[PDB]
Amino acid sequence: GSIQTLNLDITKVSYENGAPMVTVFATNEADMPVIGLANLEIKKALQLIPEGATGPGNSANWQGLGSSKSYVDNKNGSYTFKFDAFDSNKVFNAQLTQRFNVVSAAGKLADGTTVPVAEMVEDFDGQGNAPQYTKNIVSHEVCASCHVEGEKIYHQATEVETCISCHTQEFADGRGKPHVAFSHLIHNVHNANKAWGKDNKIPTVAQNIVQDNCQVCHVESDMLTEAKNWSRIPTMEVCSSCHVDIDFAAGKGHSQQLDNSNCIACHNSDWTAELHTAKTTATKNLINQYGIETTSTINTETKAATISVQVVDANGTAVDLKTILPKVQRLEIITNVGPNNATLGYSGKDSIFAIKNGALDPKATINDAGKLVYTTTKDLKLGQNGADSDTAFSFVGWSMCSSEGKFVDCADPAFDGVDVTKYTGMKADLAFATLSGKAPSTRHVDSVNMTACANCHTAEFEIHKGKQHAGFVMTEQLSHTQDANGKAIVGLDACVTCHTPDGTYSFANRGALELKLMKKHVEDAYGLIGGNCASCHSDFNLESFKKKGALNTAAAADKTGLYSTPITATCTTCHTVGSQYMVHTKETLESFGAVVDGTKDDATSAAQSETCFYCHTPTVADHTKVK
């Protein structure tokens, strides 16, 4: 017995006896009543002091009325709370909005049914009817974009409304610590201008992901009537969380301000909203001005691929590349072979900067039809490694010079791409060709897609933008399949051009795509993701292992490549052999048909000999599952 989702509703609030009696109804995912909850609580009872009541320009704030763990299980899915010590401070005012924060701890019913954590708030007037006014600015869903839903965010709770219900102005005032008010703390912990906590943690990682982008948490909503407070209610307490060098009292960094009375007079909502979103809005507009449509064909005689790039405008109308060449900062074409198991490795792949700072490479031309045309020079070894090796796949990344939200001429032929304020990564593309002229093979894209990446990195993520690459913006341009609802899947299959089974530039980096994303995020995003496979995966495509060969897993002493059988390679990214993270010894893994950091030939020969999935039945919900 296990409940998937515990739903909680406050269905009745009665003040007929003085302190409120609060009834909560608990249901599961099938809307069935949940009887026997042992850890249900009113974590906070609050009332809302309205905007400006504590002084001109000041925020609304949640005044404390107490808490209760005293309830009766009514044996029908409902639970009725009483307060032993309601409103200890004697501040209860029936003219104010009343809030209850209800939490149910993860654990078990008597029958031993597992129950997950649940949290909610609901607001009422002072007689238990619907409320007359609210402070509804954000909703828990925005935090779940980046923080694993149902797990504690830092401490105490899993949903932002619970945080807000404890980290009040009254709480911060009572501790003599303005910074622990939630409206200060939330921006402070994602912004690197000052450290937080006893340890002076500098939020470097949070700053690099959030980038002060208000729209990752402040989202327009009909369900949130105070959503525009982020631009409409400027206060020194909140604005100082990132603007840490102003002293309003002393007029240092700013004209003196002794209260919040005049902030809105100068800091109008339009200006605050525009200035903090201007750069991301401008970049997004630049990215959406142009597209590319890419084709590739194989010469049946020479077995070279010819890649043709059509620039298009926002409407999909042809643009002759000659008209914008002076503003093309880079265009790169990377070609590999065998989309399900790349065969050329990193050193064998075909690659070219066809354009650099307005200059065509001599190997690339613009034809009379205004398309860029480039022919591979590397041996593509088409057809030399089974049916999959009939297909060449070419990834096109490009960038355009830009300044303050406008495209500009690339004025410097040697511009090295380090200063990312001087150009924009544009929409990348993927083109398939076959030697045989049959339909191309394509990689599966049904287990991970760019929608997952975009939850943390935004849809405008210019991947690898800098000295080495133009910046790859991943969109429906390189979609070749739809999901069961007919939505275009934006896959990471193009990334395999470089993220090959042989790795990237070094054999030591687990460069294979099957290893690299999981390696990077277990090392650098563990605080957000940990073991949460669902942060990237809708599914595991375990059938894909039947199309894989050896995967590079290490470098030998002499810098040559060591390889594992593919399931072992994939699991050992996190579960390092010989470490505290892997019970199976090397000898045991070999007993299950694996090659562990051996030769490419031994790993290739054994690649379909692994018995792992006889015992292991991993799902995204539980990757650890065994018979």
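All residue numbers are counted from 1 along the displayed sequence.
Stretches 188 to 196 and 526 to 534 differ in mean CA B factor, with 526 to 534 having the higher one. In this crystal structure, the stretch out of 515 to 523 and 302 to 310 whose C-alpha atoms carry the higher mean B factor is 302 to 310. The PDB entry assigns its highest CA temperature factor, among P234, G128, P326, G503, to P326. Highest CA B-factor among the listed residues (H267, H167, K467, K90): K467.
In the PDB entry, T158 places in the lowest third of its chain by CA B-factor. When all modelled residues of the chain are sorted by CA temperature factor, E610 is found within the middle third. Sort the chain's modelled residues by C-alpha temperature factor and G77 lands in the lowest third, per the entry. In this PDB entry, the Cα temperature factor of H623 sits in the bottom third of its chain's modelled residues, the lowest group. Ranked within its chain, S591 lands in the middle third, by CA B factor from the PDB record.
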